[PDB]
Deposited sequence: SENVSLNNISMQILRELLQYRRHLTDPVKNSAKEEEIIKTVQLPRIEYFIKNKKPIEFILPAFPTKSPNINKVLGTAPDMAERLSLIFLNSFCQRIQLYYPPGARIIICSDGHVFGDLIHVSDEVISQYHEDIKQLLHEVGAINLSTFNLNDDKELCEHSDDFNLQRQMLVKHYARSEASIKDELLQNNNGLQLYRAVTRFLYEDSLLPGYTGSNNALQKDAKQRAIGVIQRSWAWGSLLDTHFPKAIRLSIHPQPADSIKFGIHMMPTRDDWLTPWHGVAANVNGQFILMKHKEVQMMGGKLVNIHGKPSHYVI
(Lines of atoms letter the chains of each structure in order from A and count residues from 1; the text may use other names and numbers.)
(Lines give C-alpha, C1' and ligand atoms only; values in the text may rest on other atoms or scores of the structure.)
Protein backbone atom coordinates (compact mmCIF):
# COMPACT_ATOMS: atom_id res chain seq x y z
CA UNK A 1 0.00 0.00 0.00
CA UNK A 2 0.69 3.78 -0.03
CA UNK A 3 1.40 3.92 3.74
CA UNK A 4 4.85 2.31 3.44
CA UNK A 5 6.30 5.54 2.06
CA UNK A 6 4.55 7.58 4.76
CA UNK A 7 5.48 5.10 7.48
CA UNK A 8 9.08 5.28 6.31
CA UNK A 9 9.24 9.09 6.63
CA UNK A 10 7.65 9.25 10.06
CA UNK A 11 9.94 6.52 11.42
CA UNK A 12 13.08 8.28 10.22
CA UNK A 13 11.89 11.40 12.11
CA UNK A 14 11.10 9.46 15.28
CA UNK A 15 14.44 7.65 15.12
CA UNK A 16 16.26 10.99 14.92
CA UNK A 17 14.33 12.28 17.93
CA UNK A 18 15.12 9.12 19.88
CA UNK A 19 18.84 9.82 19.46
CA UNK A 20 18.32 12.87 21.69
CA UNK A 21 15.79 11.58 24.22
CA UNK A 22 15.78 13.04 27.73
CA UNK A 23 14.70 10.36 30.19
CA UNK A 24 15.39 9.25 33.75
CA UNK A 25 18.45 7.06 33.34
CA UNK A 26 18.16 3.64 34.98
CA UNK A 27 19.81 0.40 33.74
CA UNK A 28 16.96 -1.72 35.05
CA UNK A 29 14.78 -0.13 32.35
CA UNK A 30 14.26 -2.09 29.14
CA UNK A 31 15.10 0.62 26.63
CA UNK A 32 13.78 -1.43 23.74
CA UNK A 33 10.26 -1.68 25.15
CA UNK A 34 10.35 2.02 26.11
CA UNK A 35 11.15 3.04 22.54
CA UNK A 36 8.51 0.63 21.26
CA UNK A 37 5.95 2.47 23.37
CA UNK A 38 7.10 5.92 22.28
CA UNK A 39 6.68 4.76 18.68
CA UNK A 40 3.02 4.00 19.37
CA UNK A 41 2.41 7.41 20.93
CA UNK A 42 4.24 9.78 18.60
CA UNK A 43 4.18 8.19 15.13
CA UNK A 44 0.47 9.03 14.66
CA UNK A 45 1.00 12.64 15.74
CA UNK A 46 3.96 12.86 13.34
CA UNK A 47 2.09 11.33 10.40
CA UNK A 48 -0.73 13.85 10.81
CA UNK A 49 1.65 16.46 9.37
CA UNK A 50 3.15 14.14 6.78
CA UNK A 51 -0.27 13.04 5.43
CA UNK A 52 -1.19 16.68 4.99
CA UNK A 53 2.23 17.47 3.46
CA UNK A 54 2.53 20.24 6.18
CA UNK A 55 5.83 20.85 8.03
CA UNK A 56 6.13 18.99 11.35
CA UNK A 57 5.50 21.47 14.15
CA UNK A 58 6.97 21.06 17.63
CA UNK A 59 6.14 22.83 20.87
CA UNK A 60 8.83 23.27 23.52
CA UNK A 61 8.20 25.29 26.73
CA UNK A 62 11.82 26.30 27.50
CA UNK A 63 14.35 29.09 28.26
CA UNK A 64 12.22 31.05 30.79
CA UNK A 65 15.03 33.02 32.55
CA UNK A 66 18.67 32.61 33.62
CA UNK A 67 19.17 31.07 37.07
CA UNK A 68 20.05 33.68 39.70
CA UNK A 69 22.56 31.48 41.59
CA UNK A 70 26.03 32.56 40.41
CA UNK A 71 27.34 29.21 41.63
CA UNK A 72 25.38 27.67 38.76
CA UNK A 73 25.52 30.16 35.85
CA UNK A 74 27.90 32.84 34.50
CA UNK A 75 25.57 35.83 33.98
CA UNK A 76 21.94 37.02 33.79
CA UNK A 77 22.20 37.23 29.95
CA UNK A 78 21.95 34.14 27.68
CA UNK A 79 25.39 32.55 26.97
CA UNK A 80 27.01 30.00 24.59
CA UNK A 81 25.12 27.12 26.19
CA UNK A 82 21.84 28.79 25.15
CA UNK A 83 23.38 29.55 21.73
CA UNK A 84 24.58 26.02 21.17
CA UNK A 85 21.13 24.75 22.20
CA UNK A 86 19.29 27.02 19.79
CA UNK A 87 21.77 26.20 17.02
CA UNK A 88 21.12 22.52 17.68
CA UNK A 89 17.32 22.74 17.68
CA UNK A 90 17.36 24.74 14.46
CA UNK A 91 19.78 22.40 12.69
CA UNK A 92 17.57 19.54 13.92
CA UNK A 93 14.73 21.00 11.83
CA UNK A 94 17.06 21.67 8.93
CA UNK A 95 17.98 17.95 8.49
CA UNK A 96 14.30 16.81 8.65
CA UNK A 97 14.08 18.64 5.31
CA UNK A 98 16.43 16.20 3.60
CA UNK A 99 14.10 13.31 4.58
CA UNK A 100 10.95 15.44 4.16
CA UNK A 101 10.71 18.43 1.77
CA UNK A 102 8.24 20.56 3.88
CA UNK A 103 10.62 20.36 6.86
CA UNK A 104 9.79 21.27 10.46
CA UNK A 105 9.26 24.17 12.87
CA UNK A 106 9.78 24.41 16.64
CA UNK A 107 7.92 27.00 18.67
CA UNK A 108 9.87 27.84 21.80
CA UNK A 109 7.18 28.76 24.37
CA UNK A 110 9.27 30.67 26.89
CA UNK A 111 7.67 30.05 30.29
CA UNK A 112 9.52 32.94 31.95
CA UNK A 113 6.75 35.19 33.21
CA UNK A 114 4.41 32.36 34.21
CA UNK A 115 6.35 31.48 37.35
CA UNK A 116 8.50 34.62 37.62
CA UNK A 117 7.08 35.45 41.07
CA UNK A 118 7.98 32.02 42.52
CA UNK A 119 11.55 32.11 41.22
CA UNK A 120 12.08 35.53 42.83
CA UNK A 121 13.38 36.92 39.48
CA UNK A 122 12.43 40.44 38.30
CA UNK A 123 9.92 40.52 35.41
CA UNK A 124 12.28 43.22 34.04
CA UNK A 125 15.13 40.66 33.84
CA UNK A 126 12.87 37.88 32.46
CA UNK A 127 11.75 40.28 29.71
CA UNK A 128 15.39 41.12 29.10
CA UNK A 129 16.38 37.42 28.89
CA UNK A 130 13.52 36.80 26.44
CA UNK A 131 14.59 39.79 24.33
CA UNK A 132 18.18 38.53 24.11
CA UNK A 133 16.96 35.08 23.12
CA UNK A 134 15.00 36.50 20.20
CA UNK A 135 18.21 38.41 19.40
CA UNK A 136 20.21 35.18 19.47
CA UNK A 137 17.74 33.53 17.10
CA UNK A 138 18.44 36.28 14.60
CA UNK A 139 22.22 36.30 15.21
CA UNK A 140 22.31 32.59 14.47
CA UNK A 141 19.84 32.44 11.58
CA UNK A 142 17.50 29.97 13.36
CA UNK A 143 14.81 30.36 10.69
CA UNK A 144 12.88 27.27 11.84
CA UNK A 145 12.63 28.46 15.47
CA UNK A 146 9.97 30.94 16.61
CA UNK A 147 8.78 32.32 20.01
CA UNK A 148 5.44 32.12 21.92
CA UNK A 149 4.89 34.17 25.13
CA UNK A 150 1.99 34.83 27.60
CA UNK A 151 1.76 38.31 26.01
CA UNK A 152 0.90 36.64 22.68
CA UNK A 153 -2.39 35.03 23.79
CA UNK A 154 -5.33 37.37 22.95
CA UNK A 155 -7.57 35.70 25.58
CA UNK A 156 -5.17 36.44 28.47
CA UNK A 157 -4.72 40.14 29.24
CA UNK A 158 -3.79 42.54 26.43
CA UNK A 159 -1.02 44.32 28.36
CA UNK A 160 2.58 43.15 28.85
CA UNK A 161 2.30 45.18 32.08
CA UNK A 162 0.21 43.65 34.89
CA UNK A 163 1.98 40.36 34.13
CA UNK A 164 0.85 39.60 37.69
CA UNK A 165 -2.69 39.87 36.25
CA UNK A 166 -1.68 37.71 33.26
CA UNK A 167 -0.37 35.13 35.74
CA UNK A 168 -3.62 35.36 37.73
CA UNK A 169 -5.71 34.97 34.58
CA UNK A 170 -3.65 31.99 33.40
CA UNK A 171 -4.00 30.30 36.79
CA UNK A 172 -7.73 30.82 37.05
CA UNK A 173 -8.49 29.66 33.48
CA UNK A 174 -5.90 26.90 32.95
CA UNK A 175 -4.48 25.86 36.35
CA UNK A 176 -5.23 22.91 38.61
CA UNK A 177 -5.48 22.79 42.43
CA UNK A 178 -2.09 22.54 44.16
CA UNK A 179 -3.52 19.61 46.11
CA UNK A 180 -4.41 17.90 42.81
CA UNK A 181 -0.92 18.76 41.47
CA UNK A 182 0.63 17.26 44.62
CA UNK A 183 -1.71 14.32 44.66
CA UNK A 184 -0.91 13.55 41.03
CA UNK A 185 2.80 14.15 41.60
CA UNK A 186 2.92 11.49 44.31
CA UNK A 187 1.49 8.56 42.34
CA UNK A 188 4.31 7.88 39.86
CA UNK A 189 7.99 7.73 40.43
CA UNK A 190 7.89 10.08 37.42
CA UNK A 191 6.00 12.65 39.44
CA UNK A 192 8.02 11.87 42.54
CA UNK A 193 11.29 12.61 40.78
CA UNK A 194 9.93 15.81 39.20
CA UNK A 195 8.91 17.11 42.62
CA UNK A 196 12.35 16.32 44.06
CA UNK A 197 14.18 17.90 41.14
CA UNK A 198 12.16 21.13 41.16
CA UNK A 199 12.61 21.55 44.92
CA UNK A 200 16.36 20.99 44.60
CA UNK A 201 16.75 23.66 41.90
CA UNK A 202 14.63 26.13 43.91
CA UNK A 203 16.64 25.44 47.08
CA UNK A 204 19.99 25.90 45.34
CA UNK A 205 19.08 29.27 43.84
CA UNK A 206 17.86 30.48 47.24
CA UNK A 207 21.25 30.24 48.96
CA UNK A 208 17.72 29.37 58.29
CA UNK A 209 17.95 25.96 56.62
CA UNK A 210 14.55 24.52 57.65
CA UNK A 211 12.51 27.53 56.59
CA UNK A 212 14.51 27.32 53.36
CA UNK A 213 13.65 23.59 53.06
CA UNK A 214 9.90 23.78 53.63
CA UNK A 215 9.73 26.88 51.46
CA UNK A 216 11.38 25.26 48.44
CA UNK A 217 8.96 22.34 48.82
CA UNK A 218 6.02 24.78 48.77
CA UNK A 219 7.33 26.92 45.92
CA UNK A 220 8.04 23.75 43.94
CA UNK A 221 4.39 22.76 43.89
CA UNK A 222 3.61 26.32 42.92
CA UNK A 223 6.10 26.39 40.04
CA UNK A 224 4.83 23.06 38.76
CA UNK A 225 1.24 24.29 39.01
CA UNK A 226 2.12 27.33 36.91
CA UNK A 227 4.06 25.33 34.35
CA UNK A 228 1.31 22.75 33.87
CA UNK A 229 -1.13 25.62 33.46
CA UNK A 230 1.16 27.03 30.78
CA UNK A 231 1.16 23.63 29.15
CA UNK A 232 -2.63 23.48 29.34
CA UNK A 233 -2.68 26.83 27.57
CA UNK A 234 -0.31 25.52 24.91
CA UNK A 235 -2.30 22.26 24.79
CA UNK A 236 -5.33 24.25 23.62
CA UNK A 237 -3.49 26.61 21.26
CA UNK A 238 -1.34 24.00 19.40
CA UNK A 239 -3.22 20.72 19.89
CA UNK A 240 -1.87 18.69 17.03
CA UNK A 241 1.72 19.79 17.70
CA UNK A 242 4.27 17.27 18.85
CA UNK A 243 5.09 18.09 22.44
CA UNK A 244 8.77 18.44 23.25
CA UNK A 245 9.87 18.92 26.85
CA UNK A 246 12.91 19.98 28.79
CA UNK A 247 12.21 17.42 31.62
CA UNK A 248 12.53 13.62 31.60
CA UNK A 249 9.21 12.06 30.60
CA UNK A 250 7.72 8.58 30.84
CA UNK A 251 7.50 6.65 27.59
CA UNK A 252 3.68 6.58 27.62
CA UNK A 253 3.52 10.36 27.98
CA UNK A 254 2.46 12.65 25.18
CA UNK A 255 5.39 14.91 26.08
CA UNK A 256 8.79 13.87 24.69
CA UNK A 257 11.80 15.13 26.66
CA UNK A 258 14.82 16.23 24.69
CA UNK A 259 18.48 17.20 25.17
CA UNK A 260 20.11 20.14 23.39
CA UNK A 261 23.75 19.86 24.48
CA UNK A 262 25.76 16.96 25.87
CA UNK A 263 25.29 16.59 29.63
CA UNK A 264 25.46 13.99 32.39
CA UNK A 265 22.52 15.45 34.39
CA UNK A 266 19.11 14.50 32.97
CA UNK A 267 17.66 17.65 34.58
CA UNK A 268 20.30 20.14 33.51
CA UNK A 269 19.25 22.91 31.21
CA UNK A 270 21.38 25.71 29.77
CA UNK A 271 19.64 28.34 31.84
CA UNK A 272 20.88 26.45 34.93
CA UNK A 273 24.45 25.86 33.80
CA UNK A 274 27.42 27.00 31.70
CA UNK A 275 29.29 25.67 28.64
CA UNK A 276 32.61 23.85 29.05
CA UNK A 277 34.89 22.62 26.26
CA UNK A 278 36.51 19.38 27.45
CA UNK A 279 38.49 17.13 25.04
CA UNK A 280 37.00 18.99 22.06
CA UNK A 281 33.39 18.52 23.19
CA UNK A 282 31.21 21.27 24.72
CA UNK A 283 29.33 19.99 27.84
CA UNK A 284 26.72 21.58 30.15
CA UNK A 285 27.97 21.76 33.77
CA UNK A 286 27.32 23.95 36.84
CA UNK A 287 29.62 27.00 37.09
CA UNK A 288 31.23 25.85 40.35
CA UNK A 289 32.22 22.37 39.08
CA UNK A 290 34.14 23.94 36.14
CA UNK A 291 36.00 26.30 38.52
CA UNK A 292 37.05 23.18 40.53
CA UNK A 293 38.18 21.70 37.19
CA UNK A 294 40.32 24.85 36.75
CA UNK A 295 38.97 25.70 33.29
CA UNK A 296 39.52 29.34 32.23
CA UNK A 297 36.57 31.59 31.30
CA UNK A 298 36.36 32.85 27.67
CA UNK A 299 34.42 36.09 27.01
CA UNK A 300 32.86 36.92 23.60
CA UNK A 301 30.97 40.18 22.82
CA UNK A 302 32.61 41.31 26.10
CA UNK A 303 30.12 39.41 28.31
CA UNK A 304 31.53 36.06 29.57
CA UNK A 305 30.26 33.20 27.36
CA UNK A 306 31.98 29.90 28.26
CA UNK A 307 34.77 28.07 30.14
CA UNK A 308 37.50 26.05 28.32
CA UNK A 309 39.26 23.12 30.08
Exercise. Numbering from 1, run down the deposited sequence and write out every stretch that has no C-alpha in the structure.
Key: 208-213
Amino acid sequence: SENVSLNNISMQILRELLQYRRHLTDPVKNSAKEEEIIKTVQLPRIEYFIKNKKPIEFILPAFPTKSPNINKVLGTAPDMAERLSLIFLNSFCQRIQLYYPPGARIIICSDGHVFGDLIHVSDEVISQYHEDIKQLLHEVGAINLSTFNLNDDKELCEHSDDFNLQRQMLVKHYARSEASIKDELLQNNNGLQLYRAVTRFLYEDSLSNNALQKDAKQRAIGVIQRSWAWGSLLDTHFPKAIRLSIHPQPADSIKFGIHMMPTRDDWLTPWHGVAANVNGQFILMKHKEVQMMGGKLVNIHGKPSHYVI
From here on, numbers count along this sequence of modelled residues.
Self-check item: Between the two ranges 25-33 and 256-264, the one averaging a larger CA B factor in the entry
Solution: 25-33
Quiz item: So which stretch wins on mean C-alpha B-factor, 174-182 or 157-165?
Solution: 157-165
Quiz item: For the listed residues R196, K72, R105, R226, which one has the largest C-alpha B-factor as given in the deposited model?
Solution: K72
Quiz item: Which third of the chain does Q42 land in by C-alpha B-factor: lowest, middle or highest?
Solution: lowest
Quiz item: Would the CA B-factor of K51 place it in the lowest, middle or highest third of its chain?
Solution: highest
Quiz prompt | Relative C-alpha B-factor of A77, binned into the chain's lowest, middle or highest third | solution = middle
Practice problem: Comparing against every modelled residue in the chain, figure out the third that the C-alpha B-factor of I143 lands in (lowest, middle or highest). | Solution: lowest
Quiz item: How does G280 rank on Cα B-factor within its chain, lowest, middle or highest third?
Solution: highest
